[PDB]
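Position 1 is the first residue of the sequence; numbering continues from there. Each ligand, and each atom within it, is numbered from 1 in the order the structure gives. Side chains are part of it too, since the values below use all heavy atoms of this structure and drop only hydrogens, waters and symmetry mates.
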Amino acid sequence: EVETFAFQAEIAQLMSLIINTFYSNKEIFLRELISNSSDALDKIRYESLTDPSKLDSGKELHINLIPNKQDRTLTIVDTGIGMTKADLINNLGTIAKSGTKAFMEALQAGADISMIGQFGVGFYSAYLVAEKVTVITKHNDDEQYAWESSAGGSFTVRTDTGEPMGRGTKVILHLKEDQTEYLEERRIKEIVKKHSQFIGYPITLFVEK
Ligand SMILES: Cc1cccc(NC(N)=S)c1
């Protein structure tokens with residue numbers, strides 16, 4: 001059972017701007033998503049200080065980067081707090097509405113796309129390099145869900161029946177045909193070193209077989 005939803009108008013407008021604006025500095029998408037993973041790890045780490053049982057679904061706090069040249073995907077996995085169904089459908093977008101409005105006004109006044117994370121909506125920078133984004137996620141308080149969008153104004157949410165995840169979020173970037181540099185081991189290492197060197201969790205770049 002798959003449910004289809006319209007993005008809020010402001011968010012569809014932002015994703016169209018991200019997809020259609022000429023902007024060569026696309027590598028910042030990786031910084032934004034690692035930053036989001038780090039925040040999610042911070043949250044479950046803090047919650048576990050007063051309720052240790054929150055780590056029953058997995059004690060390791062880490063980020064894995066998994067390029068796949070055959071599928072042309074780059075996957076960013078974290079074992080952070082995860083997202084509920086309400087997060088995916090309503091809560092995160094409600095928050096994103098005001099950050100989007102502020103980011104688009106800032107762009108009008110001279111900001112550039114790389115400051116997108118200062119407005120809390122860096123997630124959407126995934127569409128700099130991906131034609132489709134799938135997000136698999138499991139929060140301690142909810143079931144495992146898959147969120148997916150190729151932009152165009154809509155997204156889907158379904159119960160996920162793939163491999164159980166324990167807890168956390170997996171962002172699967174289905175890369176555009178001309179963006180396969182982000183599957184190359186040395187390019188990814190360069191970007192992580194440049195932008196994410198001080199992230200406080202182990203980042204493991206998987207190599208392909
Ligand atoms: C995976 C997903 C679902 C709904 C909203 C968002 N947006 C941000 N996180 S700003 C992301």
Side-chain angles (χ1 to χ4, degrees), residues 2-19 21 26 28-44 63-66 73-107 111 113-160 162 165-175 196 199 201:
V2 177
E3 299 176 287
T4 308
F5 307 82
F7 284 110
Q8 263 165 123
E10 294 83 356
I11 286 67
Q13 192 164 17
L14 170 67
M15 299 148 77
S16 173
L17 178 153
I18 287 168
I19 288 157
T21 300
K26 289 168 181 283
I28 63 93
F29 80 88
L30 186 56
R31 179 192 62 205
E32 294 311 317
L33 295 175
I34 289 176
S35 174
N36 282 4
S37 288
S38 184
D39 291 352
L41 290 160
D42 287 346
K43 289 180 210 187
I44 191 61
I63 301 170
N64 296 330
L65 306 178
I66 312 183
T73 60
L74 172 68
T75 297
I76 295 93
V77 185
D78 64 71
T79 50
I81 198 154
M83 290 176 284
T84 63
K85 194 185 179 181
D87 279 344
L88 293 173
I89 296 169
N90 204 359
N91 302 331
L92 293 179
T94 295
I95 299 299
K97 198 188 188 282
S98 57
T100 295
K101 174 169 177 34
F103 179 48
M104 309 222 264
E105 297 181 346
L107 288 169
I113 285 159
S114 74
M115 304 137 90
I116 183 176
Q118 297 168 54
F119 304 88
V121 292
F123 170 76
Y124 300 95
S125 74
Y127 291 89
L128 289 169
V129 297
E131 67 186 5
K132 172 171 118 200
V133 182
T134 312
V135 178
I136 314 294
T137 188
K138 173 72 173 67
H139 185 285
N140 281 334
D141 293 344
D142 208 347
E143 301 172 35
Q144 190 164 308
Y145 288 100
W147 176 107
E148 190 162 81
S149 182
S150 291
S154 69
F155 62 98
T156 65
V157 170
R158 74 194 74 191
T159 279
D160 187 41
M165 250 191 79
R167 180 201 65 255
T169 296
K170 162 165 46 163
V171 176
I172 305 159
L173 304 172
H174 307 261
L175 296 184
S196 302
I199 295 291
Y201 298 94

Engineer: Quick one: does ligand 1 sit under 4.0 Å from the side chain of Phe155, the backbone, both or neither, non-hydrogen atoms only?
Structural biologist: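 None of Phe155 does.
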Engineer: Specify the closest pair of heavy atoms between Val135 and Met83, including all atoms of both residues, with the distance to one decimal.
Structural biologist: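 Looks like CG1-CE, 3.6 Å.
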Engineer: Whether the side chain of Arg167 engages the backbone of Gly80 through a donor-acceptor N/O pair (distance < 3.5 Å, no angle test) should be reported.
Structural biologist: yes
Engineer: With heavy atoms of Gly120 as the reference, note each atom of ligand 1 found under 4.0 Å away.
Structural biologist: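 What qualifies from ligand 1 is 10 (S).
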Engineer: Among all protein non-hydrogen atoms, which one is nearest to atom 8 (C) of ligand 1, and what is the separation to 0.1 Å?
Structural biologist: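 The protein heavy atom lying closest is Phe123 CB, 3.8 Å.
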Engineer: Parallel, tilted or perpendicular for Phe7 and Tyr124, by the 30°/60° rule?
Structural biologist: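 Perpendicular.
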Engineer: Tell me which protein heavy atom sits closest to atom 4 (C) of ligand 1, plus the residue, atom name and distance to 0.1 Å.
Structural biologist: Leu88 O, 3.6 Å
Engineer: In terms of residue, atom name and distance, what is the protein heavy atom nearest to atom 3 (C) of ligand 1?
Structural biologist: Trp147 NE1, 3.4 Å
Engineer: For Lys26, look at atom NZ and say whether over 12 heavy atoms of other residues, nucleotides or ligands are found less than 6.0 Å away.
Structural biologist: yes
Engineer: With a 3.5 Å distance limit and no angle check, can you tell me whether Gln144 reaches the backbone of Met165 through a side-chain donor-acceptor pair?
Structural biologist: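 Yes.
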Engineer: Can you tell me the protein heavy atom closest to atom 6 (C) of ligand 1 and the distance?
Structural biologist: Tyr124 OH, 3.5 Å
